[PDB]
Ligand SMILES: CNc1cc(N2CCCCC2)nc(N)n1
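Next up: a single chain in structure tokens, the form deposited without the named molecule.
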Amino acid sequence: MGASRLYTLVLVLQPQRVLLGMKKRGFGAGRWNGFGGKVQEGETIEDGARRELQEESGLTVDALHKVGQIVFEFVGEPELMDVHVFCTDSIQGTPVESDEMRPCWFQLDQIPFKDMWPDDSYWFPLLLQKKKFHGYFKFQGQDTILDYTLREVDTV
């Protein structure tokens, strides 16, 4: 028995350029977005975002940078989705764009949040600002949003 779909979100955004993953054919063929991943049955969000990160663009990180935590509430369903945000810089592998994925290195002032998701623009502004925040967005199914909340954090 369990609940709350805890996933991850890794965006290799540097103070000069950003790396977004685009699909070639399937779920987002022609759209860029962070590399998210679900926390295995007993793994850490940093491990899920890391282990799933290396799989998205063959780029492995030695240590990402947690910035914010986004949440997704499903209308009509009790379950939810806890997505953590992580921005790396120190990678290992190569942009081994596969037949399913295709990353693109661009500028930190030209990242297209519209070609990713309806929440990117909500957690991007703080990322670029180097600030920590947490937002809760209610979805009408998976792509439509009906509620969005943003709370900045820093202390404990």
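Residue numbers run from 1 along the displayed sequence.
One more form of this protein exists, namely the form solved in complex with the named molecule; it is left out here, but the text below deals with it.
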Exercise for the section: Could you superimpose the pocket C-alphas so that the named molecule sits on this ligand-free chain as it does in the entry with it bound, and then tell me whether the site is open or blocked by the 2.4 Å backbone/C-beta test with a threshold of 3 atoms? Expected result: open
Completion exercise
In this chain shown alone, the residue from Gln54, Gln69, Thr88, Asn33 with a heavy atom within 4.5 Å of the named molecule in the entry with it bound is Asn33
Practice task
Please run the contact check for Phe139 against the named molecule in the entry with it bound: heavy atoms, 4.5 angstroms, yes or no?
Solution key: yes
Practice task
Would you please decide whether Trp117 lies within 4.5 angstroms of the named molecule in the entry with it bound, comparing each non-hydrogen atom pair?
Solution key: yes
Exercise for the section: Any residue of 77-93 with a heavy atom within 4.5 Å of the named molecule in the entry with it bound counts; write them all down in order. Expected result: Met81, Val83
